[PDB]
Structures are given as C-alpha cells and as structure tokens.
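# quick one, fold the following:
(one chain, ligands or ions: 2)
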Amino acid sequence: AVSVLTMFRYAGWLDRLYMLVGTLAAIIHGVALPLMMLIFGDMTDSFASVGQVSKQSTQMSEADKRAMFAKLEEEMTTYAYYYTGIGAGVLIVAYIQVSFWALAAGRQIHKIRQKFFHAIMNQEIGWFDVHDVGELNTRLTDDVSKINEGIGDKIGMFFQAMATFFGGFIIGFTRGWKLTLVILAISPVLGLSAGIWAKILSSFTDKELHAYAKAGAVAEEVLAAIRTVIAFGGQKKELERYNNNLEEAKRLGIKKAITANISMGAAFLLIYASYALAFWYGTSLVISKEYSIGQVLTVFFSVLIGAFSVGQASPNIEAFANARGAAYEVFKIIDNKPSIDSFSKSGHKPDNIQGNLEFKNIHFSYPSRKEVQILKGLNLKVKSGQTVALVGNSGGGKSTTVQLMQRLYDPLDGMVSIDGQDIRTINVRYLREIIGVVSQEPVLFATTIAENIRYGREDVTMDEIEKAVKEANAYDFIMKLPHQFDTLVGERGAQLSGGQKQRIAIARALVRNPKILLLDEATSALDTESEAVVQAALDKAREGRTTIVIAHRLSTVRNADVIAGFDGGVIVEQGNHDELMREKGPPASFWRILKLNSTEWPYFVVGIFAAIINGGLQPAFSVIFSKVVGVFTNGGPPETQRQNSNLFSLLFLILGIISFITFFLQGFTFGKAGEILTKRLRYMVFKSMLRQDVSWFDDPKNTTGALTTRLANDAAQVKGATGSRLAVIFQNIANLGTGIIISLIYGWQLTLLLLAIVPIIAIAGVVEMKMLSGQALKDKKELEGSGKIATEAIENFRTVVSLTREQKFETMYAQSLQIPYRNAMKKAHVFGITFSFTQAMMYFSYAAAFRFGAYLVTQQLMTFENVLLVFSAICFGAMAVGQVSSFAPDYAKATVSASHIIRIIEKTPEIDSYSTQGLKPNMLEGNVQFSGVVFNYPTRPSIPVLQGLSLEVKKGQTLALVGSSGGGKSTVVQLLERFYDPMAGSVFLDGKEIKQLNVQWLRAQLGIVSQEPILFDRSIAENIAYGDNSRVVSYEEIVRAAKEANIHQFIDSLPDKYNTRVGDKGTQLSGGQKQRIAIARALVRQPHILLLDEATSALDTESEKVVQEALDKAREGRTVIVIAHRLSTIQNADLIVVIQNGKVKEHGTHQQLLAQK
Ligand SMILES: C[C@@H]1NC(=O)c2csc(n2)[C@H](CSSc2ccc([N+](=O)[O-])cc2[N+](=O)[O-])NC(=O)c2csc(n2)[C@H](C)NC(=O)c2csc1n2
Ligand SMILES: *SC[C@@H]1NC(=O)c2csc(n2)[C@H](C)NC(=O)c2csc(n2)[C@H](C)NC(=O)c2csc1n2
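Residues are numbered from 1 along each chain as shown. Ligands and ions are numbered 1, 2, ... in the order given. Shown next is the structure:
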C-alpha cells in the first residue's frame, strides 16, 4: 500500500538540479560538526601543552613565558579565524540546502495538485458513484500537505543527520581507536533499556486505556438516556458506581506514572554513568601516555553527537512513509484511463444531423448495484420533430434512458445512435455540446448570472447571450430581484428560490442551442404555483428542437404528441395512452488558582524542593567536567594524577544515582498528585453534569459523543497542567540561577559575553517559531481559496460534467493555487534563511566567545578550566531549557482550553433541582391543573408551542391527551416532572405551586415512562430495583411487582432473575417487552400518578395487546394519564376525555367528527 522512488517522476530537470544541490549542501552541513569537534580537541591539547606551567624556572625567567603566550595567542587567532570560516560556510550551505529543498518541494506540490485535480475531474462518473464526495476532497486537502511536509523538510534533514553520523564515526575511526569500542559497546545497552522502558510504558498505557474505557462507558450509558435518569431521580445512588469505576483507573494511572518517571530516571542513570565510563577509560589511557585530553574529547564528543543525529531521523522516516502511501493513492487516481475522455481531439464530426435516436438491445445496470439489471434490452426508433414523453414509476429506475444519451455511463451490448452514428465514434465533447440536459434539481453556484449564462457555450457577446435569455419568464426573475445584472445568486448573497433556478438552467440549455433536448422532473415536488409558466418555456423550447421528457406529473403528457413510456423495463408502444391507468392523485486560566484546586500541599510541597535539587545537577556536571579537563591541563603530572581523576569519576556516578533517586521521588509525588486530581476533577464533573439538568443536555452545542470525549481526553490535559508546567519551570529556573551564580563566582567578564550571546539566539529561535506558526496558520486561509471552488465542483460534478464548462474550473483552480504557490515559495525562503541564521549565529557566537575567553586567559586571570566551566554551564543550561520543555505532556499543545472549559462547567450553577430548599407534602391527592400554561423550547426558541392549554386532573382521571405530531403535545407530559420550567403559565398541585414542591420528592410520585424504553446495563433484578433506588432498597417486592406486571410467564426462562443481565445486548429481550420492564419499574415505584408515552414503536402486535392490558390494570389500580398518538390506544381508554390543544373538552369524537381521523 506504498510506493517509493516514484514520488518525483513529475519533476523537471531544474528540479532535479535543485534536489541534487540540496543533497550536496546537506552532506556538507552534516560533515561540518566532526571537523569542529576535532578542532576543539587539538585546540584544548594546545592549551594543555601551553597552560601546564609545570616548571617554576620558566615561570620566573623572562617574565613568565611572555613568548609561549605569544605562540598561544597566534594559535588562538588562527583557530578563531578557521572557526569563523567554517561558520560562514555552514551558514551558506544550510541556507542552500533548506531553500532549494523546500522550493523543489513546492514546485512538486504545485504540479501534483494540478495533475490530481485534472485527473479526478476527468474520471468517469461511475468512479464517483462507487465513492463519496466529502472524503475525496478531504483526501485532496490532506495528502498534498503531508507529501509537502515530508518530501520537503524531512528528506532535507535526513541526509544532514546521516552525514553527521558518518562524519563523527569517521573521526572516531581516526582518533578514537579504542574510545570507539567502549562508547559503541555501551551504546546498545543504554538504548535497549530505555526501549524495554518504552515497551513497559506502552503496556501500562494500554492497561490504563482499557480500565478507563470500562468506566467511561458506564458514563456514556448514564448520559445517553439522561432524561430517564433524572426522571427516576437516581443521581445519589448512581454517582457511587461512577466513582468505583473511576477508582479502578486512578490507581492504574499512579502505576503508569511511576513507570514513566522511573524510566526517565533510568535513562538519566544510564547516561550520566557510561558517560562516566568514557572518562574512566580515557583518563587511564591519558595516564598511559599514548592519548591526550583533546584526543579523548574529540572522539567522545564526536561519536556521541553523531549518534544523537542518526537517532533523530526516525520521525523523518515516519513522515516519508506517510508521504509514500499518500502518493501511492493519489497516483492511483492519476493515469486511471476512463472509458470516456472528453478531451482527446478524436472522433468524426457530425453536422446537419436530424437526431433520430435509436435503442437496440439496451442492457445496462448501475455500477453501484450491478446485481440488479436496470435495463434488460429495448427496441425503439424515433424521428426528429416528434418529442417523446416517458411515463412510469421512474425514468427506468432513475432517468436511466437520459443517462446514456450524453455518455454519462457506458452501455452494455446496447447501441444508441443519434443520427445512425454510434456514440463511441462520436467525439465526447461534441456529443455533449449538441445535446441539452435539464436537471431534476437545478444546482448552481454562488456567482452572478452573467457567468451562469456564459457557462452554456463560447460566448460571442454579452448582449447576444442576453438576447438568447430574452425568452419568456425573463426580466422578472432575472432583473427585478437581481438588479438586472451582476447578482451572485446562491447560498452566499441574495438567496433565491428554485422557481428561478430552474428557469435560468433552462436559459443556459437554450444558450446551448442543442439539436436534441432532455427534460427531467421540471417541477418535482415544487410549488404548484411556480409551474404553469416554466412549462411554457419547456414548450417553446420544444417548438425549436425535439426533446425527450420524463416527469412524474401527467400534465405535460397530454401536451406531448408522442407518449412512449412504461415501467418495469417492459417496452410499451406509443399507439395509445388511455390503456395506462390515470392516477387520481473561552478565556485563559489563572495558573495560580487552578493549581490552588490541588489542596494537596503535603503531596505537592515535596516536588518544588525536589524540582530545584533536580535542576541543580547540570551545573554540578559542568563543574566536574571542567575539573576533569583541568586535571590534565592545569595538572600535577609529576606528583599525582590518578587520585583526582578517580575521585571525579566516583563523583560522576554518585551524582548520577542521586539524580536517579531525585527523579524517583519527583515522579512518586507528581504522578500521584496528577492522578488524584484527575479522579477528583472527574467525580466533580460528573455531579456537575447531574445538576446541569436536561436544559443544557438538550442544547445541540453539546452532544453525547462530544461529552464522552470531554470526560475522556481533558483530564490528561489538567494532569500535565498541574506538574509539568511547574516542575519544568522550577527545574529550568533553578538550573539557570545556580549556573549563573557559579559562573559569577568563577567569572567576572566572560559571563557578560555569555549573557549577551544567549538572548540573541533565544529571540532568533522564538521569531523563527512564531513566523513558521503564522505561515502555517495563514496556509489554511490561502488554501481555502482552492476549496471555495473545489467543494462546489466535487459536489455538483453531475451537472458540471453534464455541462461543457470543464477547462475553466481547472484554470480558476490553477490561479487560486498559483497565488499560494508564490506564498509558499516566499515562506520556504524565509524558513531557510532563518534556519541558516540561527545555525550561523550559534557557530559565530561559539567562535567569538572562545576567542575572547582566550584573550582573557592570555591576560592570565581566568584559566581554561574556569572558561570551559562557564561556557559549558551556560550553553548546556540553555540547551536543557528547550529539551526539558519538550519532555512535558503537550502544555504547548491546546491544554488550557480543556482546563478552563472544565472550570466553567464545574462552576456551572444548577438552573433547577438537586437542592434542599424544597417543600415536601407527605401525601398528594393528585389534583393537577394544566390550565393556562404557556412555554416553549429554550434550546430552540424559534418554534413556539404550548399555547392556551387548559386541563383538569383528579383521582381516577384517564386523560388521553392526543394531538398531531409531537412538538405540541410531548412537552405537555414532559412538564409534569419539571424538566423545563413554566414562566408564562402557572401550574397548581394540591393547592400548591410546583416550583418549590421538593423536586426529588416530586419525581418520586411520578410514574413516567419514556416513549422508547431505553435501558442501561444494570442487572435485571437490580434494574427493576432501580425504580425506587435512592429510596429504601428492599428485597421480596421485586418479584411481587413482576408478578403484578403480568410478565413473569415469559421472563421465568432462566428463573434466577438475578444474574441474567443484558451483557451488551446479550440475552436480548423482546423489543416490545422492554417497555413491559419499564411498566414493571413504574409499578414498583408505587406512584400516585403515572405518565405513559410508549405508543407503539415496533411491531408489538400481540405484545402490544398485553401492554395495554398492563396499562388498564395500572389505571384501574391508580390514577394514570396516558399519552399516545394511536387511535387504538384512545379507543381502549374507557374514560374518553381526549383534548388536543384545548379547542374541545371531554369526548370530542361523540360531539364532532374532528377527533375521529
Ligand atoms: C542527563 C542529561 N541528559 C539529558 O537531559 C538528555 C536527554 S536526551 C539527550 N540528553 C541526548 C540524547 S542521548 S546521547 C548518548 C551518547 C552516548 C551514550 N553512551 O552509551 O556512551 C548514550 C547516549 N544516550 O543517552 O542515548 N543527548 C545528546 O544529544 C548528546 C550528545 S553529546 C552530549 N549529549 C553531551 C556530551 N552530554 C550531555 O549533554 C549531558 C550530560 S548529562 C545530560 N546530558
Ligand atoms: S552558547 C549558544 C548555544 N546554546 C543553545 O542552547 C542552542 C541553540 S540551538 C541548540 N542549542 C540545539 C538544540 N543544540 C543541539 O542539538 C546540540 C546537542 S549537543 C550540541 N548541540 C553541541 C555539543 N553544543 C552546541 O552545539 C552549542 C554550543 S553553544 C550553543 N549550542
């Protein structure tokens, strides 16, 4: 499913040169580093030779050396010159590499996009028929960008990294004959261990994901049917299950965090030591008088630098593979030679053709459904001047006879000839432009009428095409509203109705001036007044040329002289027409109060001191490194050299292991805090959802899947927001502060240069990142110019190919992408110049800083070891700054978004319910009055309902309030439970207003049942007990309620009734019997009033007969209000008081015919 060594065949010779020079520049840039390392090695060796000052006789005679210092400064001048030379060279070569590679990539993307659009716009219609619309355009938008990114930047950096790797190792094979073995023999063990660590991390992550999916799904379930959940008032009983399931996740997350942090600590341990090992073997070799300090430094620094570089190339290869796959698909679309081309200059030129259409053995089936043969052979001959009307169920399925006229499909063994010439020999474009097509629905574009008319044929004059449009129904639908010209009719700007779209489409068809016309569903389901005029246009078009008309409406059939239509594929001649039956008819977060949510200071205070002590490691490493170098440079080689070297190596590991245990403690506290905050925030958010009520849940802005993602992939954001954003900044600031102060202790002047060179590099990196991010943000805006035409073109391809206007869309796409082409070229140049800029300033600052340090050493004040200490400390601190930032969990990625969204939803107040300020009368008479109650949908206030409803309810009432649709009557029964609120109306119950009737105790007495008995995955016995849950929970009444519900006879299968739960649709109950289970739950509620809305969703049949049996037993037992849009249900209701929107009272059907049907 991939392709390689083919993605660049569409590049020109200049592009090949571009790529070659880019590769050469990348190779040079890669080779740059090892040479610099070797220079540094020999340069430090020269220091060690000169700066030894071992003999006091030289130190006293002739003003110390004062001449060896001259040789030293000459050597330093030469070294600094060669530094700046290689820095300028790296500048130039890196600029060349990045710029040429990215510009060649841009040219390739331009060519690929143009060819892709041209090919996809040229395929046969069946290709789109076996495919969809939006997915293709999404592919077009995404894969081109993926290919660009890859075969630009990633392949650009890959050769650079690989050349760096071979370079350092070659320096290794020159100066590190044994250093290489220890360094490369320690390499596999360290990398492998971190990998065993990555594998364990992945396993723990998968376990955590599986564990959270159990509970998250309990969650998705309680939400899906949240209306029932709030109706039965089981929030207090339900949050407990949510919490236990959540708990079987936070301990797993604690384990996962422990694993990740101990893995990081182990990686540090494997690096500090072994790095330690290298010094251990190198220093001993220097003691053996065969190697020097520079010899060790060059190989050690070089081999490692290269290994990093070679390891850095993995994401580049991943992007390359993605680009390979995407290129494979997009090329697969390309070169897909269709059966019809419509572009090749081939075929005979028919002229003065009458248009005698023919049909002989016409067999065809749609490629989407080849199983059903749409047409099974027809024999027919027609003559020009006699329009033919087809009558039947449809146009042979869907306008099939029309489809083969313009070669939109390919006939199978059937031959059609307009004038005795087969369509295959006739040129496709010429055949298209001589036949006019009328669409069933006239899709147009948001553009002015002028180009809509010009889409017909090659425009000769604006006035001429206007005169062509001067046919009837003009000057009113084209001049009154559209201001006589230049009005972008469509969804964007002065949207019109189809009555004018059909007329302008017919006007375009007349601009075609066809030999033959085709009419398809002129006014299919249009307004009955919009017709009777468009048909006049069709008739006057008929007077010009012969047409084939297919429509469901029979009005045109009388007008048509020849009526040759049938159904089922059996041809019926046009001898007579009377035989056929005549149918009658989001701000940011505080970052100070968010963390204040974590009131776990005993779990939190450990980290800050731990973070500082962790950041304190790196400058200590720099000090130890400087001391190791000074042991051989400013050393004591007469007396003792082994003692201090071995002591420094021991310091190397004790420091490594203390950093390891520091990371252990830091993880053990920070991951635990993050996981406990995860569970805390989630448990709150769940109860916040519960107190939000139906109002917010009915808001379409929030959906069930979106809210499940809200509970899923936003707590991890706060996890990083807690520790990472604080631990990282504390570590970085501690490192920088302690490095700065130790540099000040060991440096009074050079630190000024260090603090002057660091900020320019920092701001250069920041401006580079900001510029690339801004260009990426703009890329969407300029690429949307392509989409503004591509979306409409792909959507309306049927009409587009039905029209002759093909190349114009390609030209507009070419221009609207050519502007982004220049934009991308300039962006490429900016990216290249800024990358070369930052690299060049890095090298040049290295050179200048080291040269001025050398000058100050020649001043005999700060000796080399101090210079190396300060330089390495500052630069490694800055390098660690960004590196530590990367190890964080996407704080840079959107995170504060989910953070403050969670804050907002948690701070959300309860609009209604879940409060103690409720008055609960002990017993209720049930005297409800739904009189003068008016209220609408808060979520959709555009549609007002529930106007002027007057009702009276008493004990024994059987109000069968039934009305048309559901928008006017469902809310009536939906208001008894106060899911919504009455603001214009007033509701009285027991002489008391409902707004303070102890909402929980209110829902307690309501036996409401939803229309669809949606049920969650609780055990059947526990599911039945869920009725009166959060109330007294008791045994030996569930069986009593089940028996009273007359359900025991069927459910006695597996009579245990306790563990026979529905295991994710396992042991599925009958579709109509779930509502029976709902009835049983309502009965075990022991209400005083019951509300029913089940109606008959499925084919309940005999099961339905049993459910109104249950209903009538329930209503003769206790007062029940039945709501159902079924005539049989109300006829079953003996107490016939049907009221619909309050026009009538009591039994309407007896008083008037209205309620009956
Ligand atoms: C604990 C802290 N480390 C990190 O925060 C860290 C995380 S990722 C990484 N570093 C990279 C990938 S690792 S390179 C490497 C090099 C050599 C060996 N070995 O087994 O001899 C192992 C490894 N390794 O850990 O994969 N390191 C380099 O790019 C690299 C190449 S030269 C070099 N550093 C210089 C000489 N040393 C340090 O800067 C240094 C000393 S303390 C320290 N860093
Ligand atoms: S004193 C200026 C500079 N400091 C940086 O922090 C810096 C800017 S860009 C950068 N570091 C990249 C991320 N560096 C490396 O990838 C890297 C790993 S090892 C290494 N560089 C060599 C040994 N050191 C430098 O190149 C260096 C010296 S000064 C400096 N960077």
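# give me the distance between the two termini of stretch 585-595.
71 Å (C-alpha to C-alpha, to the nearest Å).
# for it, buried residues please.
For stretch 585-595, a neighbour-count test (16 or more other C-beta atoms under 10 Å) marks 589, 594-595 as buried. No exception for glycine: its C-beta is placed from N, CA and C like everyone else's.
# between these, which is nearest residue 284?
Ranked by distance to residue 284 (C-beta to C-beta), these are led by residue 595 at 49.8 Å.
# list the contacts for the closest one?
722, 726 (C-beta atoms under 8 Å, 6 or more residues apart in numbering).
# which element is it on?
helix 594-597 (DSSP states H and E).
# following that helix, which helix or strand shows up next?
Downstream of helix 594-597 (by DSSP H and E), the next one is helix 601-615.
# need the residues of the stretch 651-800 of the chain near ligand 2, please.
For the stretch 651-800 of the chain, the residues in contact with ligand 2 (C-beta under 6 Å from any ligand atom) are 757, 761.
# for ligand 2, what is the nearest residue in the stretch 651-800 of the chain?
Residue of the stretch 651-800 of the chain nearest ligand 2, by C-beta to the nearest ligand atom: residue 761 (5.2 Å).
# state the distance from the closest residue to that residue other than its chain neighbours to residue 59.
Leaving aside its chain neighbours, residue 761 sits nearest to residue 841 (5.9 Å; criterion: C-beta to C-beta, 6 or more residues apart in numbering). Distance, residue 841 to residue 59, by C-beta to C-beta, to the nearest Å: 39 Å.
# got it, and residue 999?
95 Å.
# next one: residue 687
From residue 687 over to residue 59 (counting by C-beta to C-beta), the distance is 80 Å.
# pick out whichever of these two has more residues nearby.
Between residue 687 and residue 59, residue 687 has the larger neighbour count (other C-beta atoms under 10 Å), namely 17 against 11.
# which SSE is residue 727 in?
helix 715-745.
# for the helix or strand following that helix, packing partners?
Sequence order places helix 750-795 as the next helix or strand after helix 715-745, per DSSP H and E. With contacts taken as 3 or more C-beta pairs under 8 Å, 6 or more residues apart in numbering; DSSP states H and E, helix 750-795 sits against helix 134-149, helix 715-745, helix 807-858, helix 864-887.
# one more time with 6 Å, if that's ok
helix 807-858, helix 864-887 (3 or more C-beta pairs under 6 Å, 6 or more residues apart in numbering; DSSP states H and E).
# hmm, who's touching the next helix or strand after it?
Per DSSP H and E, the first helix or strand lying C-terminal to helix 750-795 is helix 797-802. Around helix 797-802, the neighbours that count as contacts under C-beta atoms under 6 Å, 6 or more residues apart in numbering are 128, 437, 439, 443, 793.
# can you pull the phi/psi pair for residue 562?
phi -110, psi 120 (degrees, to the nearest 10).
# number of residues surrounding it?
Neighbour number of residue 562 under other C-beta under 10 Å is 15.
# is it true that it touches residue 573?
No: the criterion here is C-beta atoms under 6 Å, and residue 562 misses it with residue 573 at 10.3 Å.
# circling back to that earlier point, in strands, which of the contacts of helix 797-802 fall?
Secondary structure defined by DSSP state E assigns residue 437 of these to strands.
# closest to residue 523 among the contacts of helix 797-802?
Distances from residue 523 to the contacts of helix 797-802, taken by C-beta to C-beta, are shortest for residue 439, at 12.3 Å.
# which residue is the nearest non-sequential neighbour of the closest one?
In space, residue 439 is closest to residue 799, 5.7 Å off (C-beta to C-beta, 6+ apart).
# ok so, going back, how about the helices and strands packed on helix 750-795, which one is nearest residue 662?
The nearest among the helices and strands packed on helix 750-795, by C-beta to C-beta, is helix 864-887 at 14.1 Å.
# which bits of the protein sit near ligand 2?
305, 757, 761, 842, 845-846, 875, 878-879.
# now restrict those to buried residues only.
By 16+ other C-beta under 10 Å, the residues of the chain next to ligand 2 give 305, 757, 842, 845-846, 875, 878 as buried.
# re the thing from before, among the residues of the chain next to ligand 2, which are in reach of ligand 1?
residue 305.
# all strands of the stretch 951-1100 of the chain, in order?
Taking DSSP state E, counting those that start in this stretch as the test, the strands found in the stretch 951-1100 of the chain are 988-989, 992-993, 1006-1009, 1089-1092.
# what residues are bridge-paired with the residue nearest to residue 385 when sequence neighbours are not counted?
Of all residues not flanking residue 385 in the chain, residue 546 sits nearest, at 5.8 Å (C-beta to C-beta, 6+ apart). Assessed by DSSP bridges, residue 546 has beta-bridge partners residue 516.
# sorry, back to before: and the residue nearest to residue 761, how many residues sit next to it?
17.
# over to residue 484?
Neighbour tally, residue 484, other C-beta under 10 Å: 11.
# now residue 653
Residue 653: 17 neighbours (other C-beta under 10 Å).
# phi first, then psi, for it.
Taking degrees, to the nearest 10 as the convention, residue 653 sits at phi -80, psi -40.
# any idea how far the residue nearest to it when sequence neighbours are not counted lies from ligand 2?
Nearest residue to residue 653 in three dimensions, chain neighbours excluded: residue 273, at 4.9 Å (C-beta to C-beta, 6+ apart). Distance, residue 273 to ligand 2, by C-beta to the nearest ligand atom, to the nearest Å: 19 Å.
# what angle separates the helix or strand where residue 273 lies from helix 864-887?
Assigned by DSSP H and E, residue 273 falls within helix 235-287. Per axes from the mean of the first three to the mean of the last three C-alpha atoms, to 10 degrees, the angle that helix 235-287 makes with helix 864-887 is 150 degrees.
# quick check: next helix or strand after helix 235-287?
helix 293-311.
# which other helices and strands contact that next one?
helix 13-51, helix 155-175.
# in CSV: these, plus mean neighbour count and distance to residue 1003.
Below are the helices and strands packed on helix 293-311 laid out as CSV (neighbours: other C-beta atoms under 10 Å; distance: least, C-beta to C-beta, whole Å):
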stretch, mean neighbour count, distance to residue 1003
helix 13-51, 19, 71
helix 155-175, 21, 64
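# present the ones you listed as JSON lines; the columns should include distance to ligand 1.
Shown next, in JSON lines, are these (distance: least, C-beta to the nearest ligand atom, whole Å):
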{"stretch": "helix 13-51", "distance to ligand 1": "10"}
{"stretch": "helix 155-175", "distance to ligand 1": "10"}
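# closest one to residue 704 among the ones you listed?
helix 155-175 (43.6 Å).
# name the surrounding residues that touch the closest one.
23, 26-27, 29-31, 33-34, 38, 101, 180, 295, 298-299, 302-303, 305-306, 309-310, 312-313, 316.
# let's see that with 7 Å instead.
Outside helix 155-175, the residues within contact range by C-beta atoms under 7 Å, 6 or more residues apart in numbering are 22-23, 26-27, 29-31, 33-34, 37-38, 97-98, 101-102, 180, 295, 298-299, 302-303, 305-306, 309-310, 312-313, 316, 320.
# again, but for stretch 338-349
122-124, 407, 410, 421, 425-430, 432.
# ok, now stretch 351-365?
Taking C-beta under 7 Å, 6+ apart as the rule, stretch 351-365 contacts 372-384, 400, 404, 409, 411-419, 515-516, 546.
# buried set for it?
353, 355-359, 362, 364-365.
# now, those that are in helices?
For the buried residues of stretch 351-365, not one is inside helices, with DSSP state H as the criterion.
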